[PDB]
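Report on one structure; see the data block that follows.
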Amino acid sequence: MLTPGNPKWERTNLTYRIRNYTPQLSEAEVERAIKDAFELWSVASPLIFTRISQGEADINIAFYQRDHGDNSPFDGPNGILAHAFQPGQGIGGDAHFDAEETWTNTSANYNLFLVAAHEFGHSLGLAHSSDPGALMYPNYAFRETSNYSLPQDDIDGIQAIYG
Ligand SMILES: Nc1c(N2CCc3ccc(CNC(=O)c4nc5sc6c(c5c(=O)[nH]4)CCS(=O)(=O)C6)cc3C2)c(=O)c1=O
Ligand SMILES: [Ca+2]
Ligand SMILES: [Ca+2]
Ligand SMILES: [Zn+2]
Ligand SMILES: [Zn+2]
């Protein structure tokens, strides 16, 4: 099955909610980084992401520090930047970002957009990739460019799951 053990969403129209923010960026910047991160995946699959302001969305997005209720604590500045749960009900699909990081919209360490795009890959059922140029590669490194789009390896990945 190509990616045994990695769940997938049964529906293509998913909702998401940004539960809180980070002092490092303006609220609009956080919202846009998230929107664009989702767009990277939507343009290469049938996935459609819709934002809600309250209630239970399919994908919860939040900034938390150290222990935050899911037995997968963050580690303070640097190191682990965020993590996301594979597709499923409840915590499934949720993405958490380390609130102790300096979040940016530049090449400066920990560009929210890039981190979120990577995490959403996980929220959608993708595992890490060995392709060093892939968005889902295990190590973060911001590579500035003109137009941002999903590397072909990541397109192969999402297509393999959702078409
Ligand atoms: N591993 C772990 C973490 N991360 C989450 C954040 C994160 C983000 C990204 C990567 C690997 N990818 C990159 O660093 C990266 N990918 C791409 S694809 C792409 C680009 C990039 C890129 O700049 N960096 C930029 C030009 S583009 O035309 O838009 C296409 C790895 C990780 C590893 C943790 O936290 C943790 O534990
Ligand atoms: Ca969820
Ligand atoms: Ca950290
Ligand atoms: Zn968490
Ligand atoms: Zn990852």
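Heads up: numbering here begins at 1 and tracks the sequence.
- The two atoms that bring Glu56 and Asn60 nearest to each other are OE1-ND2, 3.6 Å, heavy atoms only.
- Between the side chain of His118 and the main chain of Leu135, a donor-acceptor pair closer than 3.5 Å is present.
- Here CG of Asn111 is found 7.0 Å from OG1 of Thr106. Values are rounded to the nearest 0.5 Å.
- In this structure, the ring pair (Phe, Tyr, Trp, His ring centres under 6.0 Å) partners of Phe97, at least two apart in sequence or on a different chain, are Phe63, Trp103.
- Remark: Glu10 engages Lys8 in a side chain to side chain contact (heavy atoms under 4.5 Å, CB included) (not counting sequence neighbours).
- Pairs of residues two or more places apart, or lying in two chains, that qualify as ring-ring contact (aromatic ring centres under 6.0 Å, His included) and include a residue from residues 32-55 are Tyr16-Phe38, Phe38-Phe49, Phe38-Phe120.
- Closest heavy-atom contact between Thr50 and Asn13: OG1-ND2, 3.4 Å.
- Listed by chain and number, the residues in a side-chain hydrogen bond (donor to acceptor under 3.5 Å, both in side chains) with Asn78 are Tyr110 (sequence neighbours excluded).
- Side-chain contact between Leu112 and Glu29: absent, with no pair of heavy atoms (C-beta onward) separated by less than 4.5 Å.
- Checked against side chain to side chain contact (heavy atoms under 4.5 Å, CB included), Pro7 has the following partners two or more places apart in sequence or in another chain: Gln86, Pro87.
- The minimum heavy-atom distance linking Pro46 with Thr12 is given by the pair O-CB, 3.7 Å.
- Rounding to the nearest 0.5 Å gives a distance of 12.0 Å between CG of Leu126 and CD of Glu119.
- With hydrogens and angles ignored, the 3.5 Å screen pairs a side-chain donor or acceptor of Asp58 with a backbone N or O of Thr15.
- Applying the side-chain hydrogen bond (donor to acceptor under 3.5 Å, both in side chains) rule to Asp36 yields the partners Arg32; only residues at least two apart in sequence or on another chain are considered.
- Cluster membership check: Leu114 shares its hydrophobic cluster with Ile155, using side-chain heavy-atom separations under 4.5 Å among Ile, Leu, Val, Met, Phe, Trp and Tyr.
- In this structure, the side chain of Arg17 engages the main chain of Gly55 through a donor-acceptor pair within 3.5 Å.
- Under the 4.5 Å side-chain criterion, counting only non-hydrogen atoms from C-beta, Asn6 is not in contact with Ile161.
- The shortest non-hydrogen separation linking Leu40 to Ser149 is CD2-CA, 3.8 Å.
- Under the 4.5 Å side-chain heavy-atom criterion for grouping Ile, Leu, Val, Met, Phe, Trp and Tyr, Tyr140 is connected to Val30 within one hydrophobic cluster.
- For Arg143, the salt bridge (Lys or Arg N to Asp or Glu O under 4.0 Å) test picks out no residue, with sequence neighbours left out.
- Closest non-hydrogen pair, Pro151 versus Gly133, comes out as CG-O, 3.4 Å.
- At a threshold of 4.5 Å between side-chain heavy atoms, the hydrophobic network of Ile, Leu, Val, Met, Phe, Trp and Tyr places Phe142 and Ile80 in two separate groups.
- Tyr137 and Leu124 fall into different hydrophobic clusters, defined by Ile, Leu, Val, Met, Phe, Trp and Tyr side-chain heavy atoms under 4.5 Å apart, directly or through other members.
- For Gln159, there are no side-chain hydrogen bond (donor to acceptor under 3.5 Å, both in side chains) partners at least two apart in sequence or on another chain.
- Listed by first and then second residue, the salt bridge (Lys or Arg N to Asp or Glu O under 4.0 Å) pairs that reach into residues 63-73 are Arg66-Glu100, sequence neighbours excluded.
- With sequence neighbours excluded, no residue satisfies side-chain hydrogen bond (donor to acceptor under 3.5 Å, both in side chains) with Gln152.
- In terms of modelled atom types and a separation under 3.5 Å, the side chain of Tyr162 and the main chain of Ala44 share no donor-acceptor contact.
- Between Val115 and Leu81 the shortest heavy-atom distance is CG2-CD1, 3.9 Å.
- Side-chain atoms of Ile91 and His96, non-hydrogen and from C-beta on, do get closer than 4.5 Å to each other.
- Listed by first and then second residue, the salt bridge (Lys or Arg N to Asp or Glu O under 4.0 Å) pairs that reach into residues 150-163 come to none, sequence neighbours excluded.
- Here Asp94 pairs with nothing under the salt bridge (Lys or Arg N to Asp or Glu O under 4.0 Å) rule; sequence neighbours left out.
- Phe74 and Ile61 are not part of a single hydrophobic cluster, where members link through side-chain heavy atoms under 4.5 Å apart.
- For the atom pair CG (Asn109) and CD (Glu101), the distance works out to 8.5 Å, reported to the nearest 0.5 Å.
- No side-chain donor-acceptor contact under 3.5 Å links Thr145 to the backbone of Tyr148.
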